[PDB]
Structures are given as structure tokens and as C-alpha cells.
Amino acid sequence: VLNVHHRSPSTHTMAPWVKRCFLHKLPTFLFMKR
Amino acid sequence: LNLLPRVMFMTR
């Protein structure tokens, strides 16, 4: 979880599944509210 | 930067 913090846009590309899972379902599942 | 990301499946 400390590796995914230091991922830069010039070295990695965010996949569509981590777009559709870690931004809409689970922030509403754990009361995060952006 | 070129040959080893082909083998190791980095792909930018």
C-alpha cells in the first residue's frame, strides 16, 4: 500500500478495472465520501 | 529501458 502511493503518471497507467472498482463501489461501501 | 520491459512485461 506504500508502493501504490508513489506511482507517477509518467511511469504507470491506471487500468480501467481499478477505475471502476476503487472509485465508485468501495468508497461507498466503507463510508469514505471523497 | 527497451529490451528488458519487453521481456519483463512492463509496458510503460
# chains A, B, ... in the order shown; residues from 1 in each chain; ligands from 1
>>> interface_residues(of="chain B", to="chain A", cutoff="10 Å", atoms="only C-alpha atoms", output="list in words")
residues 10, 11 and 12 of chain B
>>> write_last_selection(atoms="N, CA, C and O atoms", output="mmCIF file, in the first residue's frame")
data_model
loop_
_atom_site.group_PDB
_atom_site.id
_atom_site.type_symbol
_atom_site.label_atom_id
_atom_site.label_comp_id
_atom_site.auth_asym_id
_atom_site.auth_seq_id
_atom_site.Cartn_x
_atom_site.Cartn_y
_atom_site.Cartn_z
ATOM 1 N N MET B 10 6.604 -4.917 -18.694
ATOM 2 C CA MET B 10 6.373 -3.651 -18.006
ATOM 3 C C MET B 10 5.358 -2.805 -18.769
ATOM 4 O O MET B 10 4.305 -2.447 -18.230
ATOM 5 N N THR B 11 5.673 -2.497 -20.033
ATOM 6 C CA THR B 11 4.833 -1.751 -20.984
ATOM 7 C C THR B 11 4.425 -0.378 -20.442
ATOM 8 O O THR B 11 3.248 -0.099 -20.203
ATOM 9 N N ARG B 12 5.443 0.466 -20.253
ATOM 10 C CA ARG B 12 5.351 1.836 -19.728
ATOM 11 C C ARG B 12 4.683 1.908 -18.353
ATOM 12 O O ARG B 12 3.458 1.969 -18.236
#
>>> residues_around(residues="range 14-23 of chain A", least_positions_apart="6", cutoff="12 Å", atoms="only C-alpha atoms", output="ChimeraX atom specification")
/A:4,7-8,29-30,32-34 /B:12
>>> select_by_dssp(residues="chain B", states="alpha helix (DSSP H)", output="number ranges by chain")
B: 3-7
>>> atom_distance(atom1="CA of residue 5 in chain A", atom2="CA of residue 7 in chain B")
25.7 Å
>>> decode(residues="chain B", atoms="N, CA and C atoms", output="CSV table (one decimal), in the first residue's frame")
chain,number,residue,atom,x,y,z
B,1,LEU,N,15.9,0.0,-20.8
B,1,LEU,CA,14.7,0.8,-21.0
B,1,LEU,C,13.8,0.2,-22.1
B,2,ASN,N,14.4,-0.5,-23.1
B,2,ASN,CA,13.7,-1.0,-24.2
B,2,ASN,C,13.6,-2.5,-24.3
B,3,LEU,N,14.7,-3.2,-24.1
B,3,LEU,CA,14.7,-4.7,-24.3
B,3,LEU,C,14.1,-5.4,-23.1
B,4,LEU,N,14.5,-5.0,-21.9
B,4,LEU,CA,14.0,-5.6,-20.7
B,4,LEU,C,12.6,-5.4,-20.3
B,5,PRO,N,12.0,-4.2,-20.6
B,5,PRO,CA,10.5,-4.1,-20.5
B,5,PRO,C,9.7,-4.9,-21.4
B,6,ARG,N,10.3,-5.4,-22.6
B,6,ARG,CA,9.6,-6.3,-23.4
B,6,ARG,C,9.6,-7.7,-22.8
B,7,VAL,N,10.7,-8.1,-22.2
B,7,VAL,CA,10.7,-9.5,-21.6
B,7,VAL,C,10.0,-9.5,-20.3
B,8,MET,N,10.1,-8.5,-19.4
B,8,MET,CA,9.5,-8.5,-18.1
B,8,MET,C,8.1,-8.0,-18.1
B,9,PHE,N,7.5,-7.6,-19.2
B,9,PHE,CA,6.1,-7.2,-19.4
B,9,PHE,C,5.8,-6.0,-18.5
B,10,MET,N,6.6,-4.9,-18.7
B,10,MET,CA,6.4,-3.7,-18.0
B,10,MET,C,5.4,-2.8,-18.8
B,11,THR,N,5.7,-2.5,-20.0
B,11,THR,CA,4.8,-1.8,-21.0
B,11,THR,C,4.4,-0.4,-20.4
B,12,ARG,N,5.4,0.5,-20.3
B,12,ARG,CA,5.4,1.8,-19.7
B,12,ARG,C,4.7,1.9,-18.4
